[PDB]
Amino acid sequence: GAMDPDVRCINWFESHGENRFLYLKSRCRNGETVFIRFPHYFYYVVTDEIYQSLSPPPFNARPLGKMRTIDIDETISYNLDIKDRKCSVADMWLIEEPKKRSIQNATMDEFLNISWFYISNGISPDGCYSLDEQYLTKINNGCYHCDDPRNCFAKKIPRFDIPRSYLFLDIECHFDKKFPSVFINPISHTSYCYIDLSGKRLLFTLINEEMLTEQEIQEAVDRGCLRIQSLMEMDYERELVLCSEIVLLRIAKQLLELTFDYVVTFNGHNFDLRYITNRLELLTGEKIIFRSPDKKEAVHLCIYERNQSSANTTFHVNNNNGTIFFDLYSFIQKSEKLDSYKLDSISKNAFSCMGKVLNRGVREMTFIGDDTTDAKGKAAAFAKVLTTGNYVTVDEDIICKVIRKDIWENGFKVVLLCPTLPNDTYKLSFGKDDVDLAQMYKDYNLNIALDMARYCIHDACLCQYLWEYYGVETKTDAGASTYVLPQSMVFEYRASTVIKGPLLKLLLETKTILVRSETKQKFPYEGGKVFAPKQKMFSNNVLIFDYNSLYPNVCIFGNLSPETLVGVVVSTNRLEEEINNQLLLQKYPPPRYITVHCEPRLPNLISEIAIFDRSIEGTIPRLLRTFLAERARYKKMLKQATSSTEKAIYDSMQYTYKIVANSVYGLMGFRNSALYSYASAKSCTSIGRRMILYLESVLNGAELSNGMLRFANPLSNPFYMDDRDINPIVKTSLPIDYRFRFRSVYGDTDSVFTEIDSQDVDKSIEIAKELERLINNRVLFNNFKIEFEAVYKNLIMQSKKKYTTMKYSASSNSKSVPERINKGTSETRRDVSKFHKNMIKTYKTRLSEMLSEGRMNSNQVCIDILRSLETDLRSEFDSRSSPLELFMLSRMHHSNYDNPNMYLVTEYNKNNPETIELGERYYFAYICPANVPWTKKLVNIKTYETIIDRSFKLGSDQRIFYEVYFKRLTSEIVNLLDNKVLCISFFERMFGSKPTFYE
Ligand SMILES: [Mn+2]
Ligand SMILES: [Mn+2]
Ligand SMILES: [Mn+2]
Ligand SMILES: [Mn+2]
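Basis of the calculations
- Residues numbered from 1 in each chain as written, not as in the entry; some residues may be left out.
- Chains lettered and ligands numbered in written order.
- Heavy atoms only, no water.
- Helix = DSSP H or I, 4+ residues; strand = E, 2+ residues; numbered from the N terminus.
- Rg over C-alpha atoms; globule rule 2.2 N^0.38 Å.
- Buried < 20%, exposed > 50% of the residue type's maximum accessible area, 1.4 Å probe, protein only.
- Areas by Shrake-Rupley, 256 points an atom, 1.4 Å probe, with all protein chains shown as cover.
- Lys, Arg positive; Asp, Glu negative; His and termini not counted.
- Charge placed at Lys NZ, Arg CZ, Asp CG, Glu CD.
- Axes fitted to C-alpha atoms, helices over the stretch in contact; angles between N-to-C directions.
- Parallel < 35°, antiparallel > 145°, perpendicular 65-115°, else oblique.
- Contact = heavy atoms within 4.5 Å.
- Nonpolar A, V, L, I, M, F, W, Y, C, P; charged D, E, K, R; others polar.
- Donors = N, O, S within 2.8 Å, 3.2 Å for Na, K, Ca; no water.
- Patch = residues over 30% accessible without salt bridge, like charges linked within 9 Å, V, L, I, M, F, W, Y side chains within 5 Å.
- Salt bridge = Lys/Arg side-chain N within 4 Å of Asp/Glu carboxyl O.
- Domains from an automatic or database assignment.
- Pairing = 2+ DSSP bridges.
- Left-handed = near helix turned anticlockwise from the far one by under 90°.
- 1 Å grid on protein atoms, 1.4 Å probe; cavity = no way out; pocket = protein on both sides within 12 Å on 5 of 7 lines; lining within 4 Å.
- Points joined across faces, edges and corners; volume = space filled by probe spheres on them.
- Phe/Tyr/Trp six-rings, centres within 6.5 Å; stacked < 30°, edge-to-face > 60°.
- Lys NZ or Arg CZ within 6 Å of the ring centre and 35° of its normal.
- Polar contact = N/O pair within 3.5 Å; in protein donor to acceptor, adjacent residues only side chain to side chain.

Looking at the method and resolution fields of the entry, one finds X-ray crystallography and 2.78 Å.

Q: Quick one: what's the story with the overall build of the protein, residue by residue and with numbers?
A: Counting secondary structure elements, the protein contains 26 helices and 45 strands. In terms of C-alpha radius of gyration, the protein reaches 33 Å, essentially the compact-globule figure of 30 Å for 999 residues. Per-residue burial for the protein yields a buried fraction of 52% across its 999 residues. Roughly 48100 Å² of accessible area belongs to the protein as shown, and the carbon and sulfur atoms make up 49% of that amount. With 128 positive and 126 negative side-chain charges, the protein shows a spacing of 4 Å between the two charge centroids.

Q: Tell me about the packing of helix α16 (residues 550-558) against helix α20 (residues 678-699), residues and numbers included.
A: One can describe the packing of α16 onto α20 by two numbers: an axis separation of 9 Å at closest approach and a directional angle of 110 degrees. Judged by the angle between their axes, α16 and α20 are roughly perpendicular. Contacts between α16 and α20 involve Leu550, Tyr551, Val554, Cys555 and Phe557 from the former and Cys684, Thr685, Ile687 and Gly688 from the latter. Here the contact of α16 with α20 is built from residues that sort into seven nonpolar, two polar and no charged.

Q: Describe the coordination of the manganese ion (ligand 3), and please don't skip the residues or the numbers.
A: Coordination of the manganese ion (ligand 3) by the protein is provided by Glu787 (OE) and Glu789 (OE), with metal-donor distances spanning 2.2 to 2.3 Å. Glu787 sits in the partly exposed class, given a relative accessible area of 38%.

Q: Summarise the coordination of the manganese ion (ligand 2); cite the residues concerned and give the values.
A: At this site the manganese ion (ligand 2) is bound by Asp170 (OD), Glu172 (OE) and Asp459 (OD), with donor distances of 2.2 to 2.7 Å. The distance between the manganese ion (ligand 2) and the manganese ion (ligand 1) comes to 3.3 Å, with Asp170 serving as a donor to both metals.

Q: Quick one: what's the story with a nonpolar patch on the surface, residue by residue and with numbers?
A: On the surface, a nonpolar cluster with roughly 300 Å² of combined accessible area is contributed by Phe183, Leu282 and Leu283. Counting through the fold element by element, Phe183 comes out in the loop between β12 (166-173) and β13 (187-195). For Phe183, a relative accessible area of 65% gives the class exposed.

Q: Would you mind going over the domain arrangement of the protein in detail, with residue names and values included?
A: According to the domain assignment, the protein contains domain 1 (166-335), domain 2 (685-822) and domain 3 (834-991). Using C-alpha coordinates to define each centre, domain 1 is positioned 55 Å away from domain 2.

Q: I'd love a proper account of the sheet that holds strand β28 (residues 425-429), names of residues and values included.
A: Taken in spatial order, the six strands line up as β23-β24-β27-β26-β25-β28 and close into a barrel, and their pairing is antiparallel. On average, each strand axis in the sheet is inclined to that of its neighbour by 45 degrees, with strand direction left out of account. With three bridges joining them, strand β23 (residues 352-359) and strand β24 (residues 365-369) adopt antiparallel strand pairing. If you follow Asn359 over to β24, its bridge partner there is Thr366.

Q: Describe the packing of helix α2 (residues 113-121) against helix α15 (residues 500-509), with residues and values.
A: At their nearest, the axes of α2 and α15 sit 10 Å apart, and the two run at 50 degrees to each other. In this view, α2 runs oblique relative to α15, as classed from their interaxial angle. For the crossing formed where α2 meets α15, the hand is right-handed. In contact with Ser115, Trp116 and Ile119 of α2, α15 contributes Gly501, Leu504, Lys505 and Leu508. Here the contact of α2 with α15 is composed, by residue class, of four nonpolar, two polar and one charged.

Q: Any chance you could break down empty space enclosed by the protein for me, citing the residues and the numbers?
A: The probe, sized like a water molecule, is rolled over the atoms to show the empty space still left. Within this model, the largest cavity holds a volume of roughly 60 Å³. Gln535, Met537, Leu847, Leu851, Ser858, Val861, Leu976, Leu977 and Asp978 are the residues that line the largest cavity. Classifying every residue of the lining of the largest cavity by side-chain character gives six nonpolar, two polar and one charged. Estimated volume of the second largest cavity: approximately 40 Å³. Residue lining of the second largest cavity: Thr935, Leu938, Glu963, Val964, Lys967 and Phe991, and that is the complete set. Sorting elements by how many residues they give to the lining of the second largest cavity places helix α25 (residues 962-974) first, with three residues. Among the residues forming the lining of the second largest cavity, the class breakdown is three nonpolar, one polar and two charged.

Q: Please give an account of the layout of surface pockets that cites residues and values.
A: The computed volume of the second largest pocket comes to approximately 990 Å³. As for the second largest pocket, its lining consists of 37 residues, and the residues nearest its centre are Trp467, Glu468, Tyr469, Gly471 and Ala648. Within the residue set of the lining of the second largest pocket, elements represented by two or more residues are β12, α9 (378-386), α11 (446-469), α12 (472-483) and α19 (644-668). No other element matches the eight residues that α19 contributes to the lining of the second largest pocket. In terms of residue class, the lining of the second largest pocket is made up of 17 nonpolar, eight polar and twelve charged.

Q: How would you explain the packing of aromatic side chains if you had to name every residue and give the values?
A: Per the counting criterion, the structure on display carries 67 aromatic pairs. Residues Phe557 and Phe781 carry aromatic rings whose centres are separated by 5.7 Å and whose planes lie at 55 degrees to one another, so their mutual orientation is tilted. Placement of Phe557 in helix α16 and of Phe781 in the loop between α21 (761-779) and β39 (786-797) is noted, with a sequence separation of 224 residues between them. Relative accessible area serves as the criterion here: at 5%, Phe781 is assigned to the buried category. One aromatic cluster in this structure is built from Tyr166, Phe168, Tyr262, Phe326, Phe331, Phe351, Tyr465, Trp467, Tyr469, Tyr470 and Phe491. The positively charged end of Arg37 is found above the aromatic ring belonging to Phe21, 4.3 Å away from the centroid. Directly above the aromatic system of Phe557 lies the positively charged group of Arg614, at a separation of 4.7 Å from the ring centroid.

Q: Tell me what's going on with the side chain of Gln535, and back it up with residues and numbers.
A: Note that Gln535 resides in the loop between β29 (512-515) and β30 (542-547). The class for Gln535 is buried, based on a relative accessible area of 12%. Polar contacts involving the side chain of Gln535 include one to the side chain of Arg743, which spans 3.1 Å.

Q: Pulling in residues and values, what's your account of the pattern of salt bridges?
A: If you walk through the whole model with that rule in mind, you get 42 salt bridges. Residue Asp294 pairs with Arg37 through a salt bridge whose shortest N-O separation is 2.7 Å. Taken as a pair, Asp294 in the loop between β18 (289-291) and β19 (298-300) and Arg37 in strand β3 (residues 33-39) lie far apart in primary sequence, 257 residues in all. Given the relative accessible area of 11%, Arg37 is considered buried. Within this structure, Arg8, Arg164, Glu473 and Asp477 form a network of salt bridges that share partners.

Q: Mind laying out the environment of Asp760, listing which residues take part and the relevant values?
A: Examined against the element boundaries, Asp760 turns out to sit in the loop between β38 (751-756) and α21. Between the C-alpha atom of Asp760 and that of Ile407, which follows or precedes it by 353 residues, the distance is 43 Å.

Now the structure itself:
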């Protein structure tokens with residue numbers, strides 16, 4: 001009977017007919033769901049003078065107050081004759097119109113209608129409300145209409161928790177050589193993971209009958225599977241069902257038309273759903289049909305795309321029913337920087353745990369994980385994935401099937417089909433079930449269909465595991481709140497669009513409108529500035545300091561905004577440059593104005609100087625100031641809340657404010673954007689770069705002796721003269737006996753790395769904490785602060801992208817387990833051989849000791865270690881004492897997509913008693929005839945790849961083709977060195993080739 005008036009908004013969505021509306025989907029405290037319909041309007045902002053003129057009057061209008069409208073067009077000046085920026089004030093009107101309308105000079109045109117709805121009616125997209133039933137009339141069951149949302153939604157109330165419904169799905173399609181085409185290839189499996197409002201999980205997979213033998217189908221039935229002849233006969237409590245492809249497809253249609261809250265896939269929008277839909281249209285006549293919650297609009301499922309050059313394309317479903325069809329692949333690309341976006345990689349990273357060993361031998365290891373073994377509930381997370389996972393990865397390398405599993409709420413005991421090297425502990429990774437599908441389909445029988453079924457249900461459940469892991473639900477709500485957007489639009493729309501809501505709110509609060517009355521000239525701030533460490537290998541510890549949100553703070557410091565730009569003053573020669581500078585300093589003095597040297601915009605200009613008035617806070621800095629404040633709030637709320645549901649909400653809010661803040665720098669240089677300002681963007685780049693150089697200049701050559709830190713330069717504010725004590729000799733609270741010396745070793749857009757002549761990590765942390773304090777209190781100024789993140793022992797670094805170190809964090813002490821940090825790399829188990837590993841490990845240990853002598857050029861180390869390499873290499877090529885075991889490499893056999901490796905294994909099988917079967921792990925080496933001398937040409941090495949089995953003995957008339965292994969080894973060694981010209985000389989002489997340098 002009676003509707004519950006207490007609702008929590010969870011999505012908003014539009015119909016698009018000639019007769020169009022806005023719809024809300026909300027959830028009551030009980031679990032009932034209320035859809036509410038609102039009439040659509042198109043909003044326009046006009047001046048009072050325009051309002052009064054309007055041909056027929058607008059449907060409705062609310063005044064906005066007086067508002068300053070400002071010309072933000074950017075102009076360069078060749079002298080200091082800079083005209084004031086055009087500014088007018090007028091009473092403004094927000095007008096509502098049911099049909100689109102062209103208004104000759106309407107302002108605020110960039111902002112979205114949906115944003116105006118929320119702002120105007122005073123409605124938060126994710127809020128909870130006690131609806132005033134007085135303003136709702138019913139129209140279907142469950143669906144009401146609201147002509148007056150302002151009054152209906154007048155009583156906002158605190159957040160209550162709600163349950164939600166999910167369908168996670170994945171499908172498998174047949175193929176042999178080409179990528180599956182809908183016209184010829186059938187769907188073989190469809191797997192579903194349904195989460196009910198109760199929390200109950202339902203797993204079911206439909207297998208396509210038509211790809212099995214009548215005898216096999218009956219075997220499946222005999223074994224436990226349900227066979228069905230139509231949609232009508234489907235029992236959803238059966239985990240395995242056999243049916244025709246047409247039935248399977250009809251079942252998909254029925255599920256996809258249901259009003260789940262979320263339908264979640266990994267690349268389902270471009271593949272899985274597209275395929276189901278087209279295949280259905282082919283085999284029967286049928287479409288998949290979504291309907292608005294009042295049944296007024298129906299649409300056929302049609303996947304559409306959205307484009308965004310900086311770059312990628314994303315795919316979206318057009319359902320008008322309130323369901324959020326959400327693709328994890330698209331999302332994980334937008335919101336994470338990763339080397340792989342394959343699902344096995346993303347899962348490997350997300351789901352790992354530490355495994356203590358209980359049994360050994362046979363071909364079966366056994367592990368346990370729990371709170372004792374890794375962290376609190378890291379094993380709980382792993383154990384949830386194990387419910388459906390069938391292959392675990394041991395120690396980054398060993399893929400190996402599960403044989404049995406015991407799962408409880410906090411830990412897992414798992415037994416695995418692998419080799420044996422049993423230490424007390426090992427790392428366990430998850431992800432897919434790895435297979436060769438192409439072969440599975442070629443040989444397809446019942447036991448393979450069931451295998452694929454288990455593989456497929458897991459890829460679906462990975463979507464629910466990753467959805468929990470990335471906190472998508474709460475991020476969606478936080479997004480919707482902060483961006484002033486429907487939940488469904490939060491990760492669909494691009495960054496230039498999501499910033500517009502909070503910008504609009506700011507412009508309204510500051511009674512300001514920004515108008516670009518001109519075509520923007522073309523140029524962004526592209527430059528491609530990438531940063532090279534002073535040396536690669538570090539004997540000493542390295543201290544890591546991060547600026548705090550540098551670019552947000554730079555904009556705040558300089559008050560960088562299109563409308564606070566007084567002007568830009570350019571010069572083509574030094575006379576103009578000097579005259580202009582001396583006039584600049586007279587007419588626009590600090591501290592009210594800041595003047596910023598930028599890279600000049602034209603090639604004939606020798607200087608470009610942007611001048612900003614700091615007296616009246618600019619739009620952009622204030623936007624950022626809000627975002628940092630809001631983030632700060634939520635970080636506190638995060639620590640004061642204790643319910644893990646609440647922790648998640650506040651953690652998301654906090655994240656959302658980080659992201660939107662960091663979007664701003666980019667948006668200032670993106671031409672199609674509401675925050676575009678070439679000068680501001682360039683000035684921001686430039687001020688930040690200067691802050692890096694200032695910090696570096698002060699620390700590079702700095703020493704701590706007695707109680708005093710002797711900064712290497714005076715602590716002068718780099719932009720203008722300052723109240724602060726520039727004295728670089730500074731009292732510290734460290735021990736008098738301490739004597740240390742600092743070197744600026746690397747620095748980038750926001751981070752600075754400082755070598756200290758010391759290996760004692762406990763002291764290094766003591767000192768770095770003091771450095772932090774003095775940098776923040778004496779070196780820096782205004783809103784510029786650094787954190788001391790960590791100490792880096794045994795840094796070996798090529799760039800910020802490729803580096804390896806042990807990391808003692810700021811919490812850390814001398815004797816807690818570091819964090820091994822590897823980045824960018826490609827090797828381990830048979831990618832590289834034991835000869836190589838042993839040689840790299842020695843040449844590192846010899847080289848780190850060489851840097852602790854202090855006696856070196858770049859060259860005296862470089863000459864010394866390359867003499868050593870020749871001597872060891874020529875020695876092994878002569879003596880040949882090293883076993884073949886040291887030169888063996890491994891590889892998995894599999895079918896094509898690789899091509900010469902099938903020829904390698906085929907011919908081995910075709911010529912030898914043993915067979916290397918199609919998922920076996922086989923060994924090989926680079927072997928050549930003994931009568932080949934030191935070779936500096938090269939061929940396709942693939943000819944000297946030689947399968948080494950148990951009965952292989954090295955010919956009396958063969959040798960290990962040492963050159964292959966040597967060339968690879970000295971490549972890795974010269975990339976540790978610093979003298980480049982000496983290394984290239986060596987490598988052309990020894991190998992007749994020019995080396996790689998990871999740049
Ligand atoms: Mn898939
Ligand atoms: Mn799959
Ligand atoms: Mn930090
Ligand atoms: Mn066989």
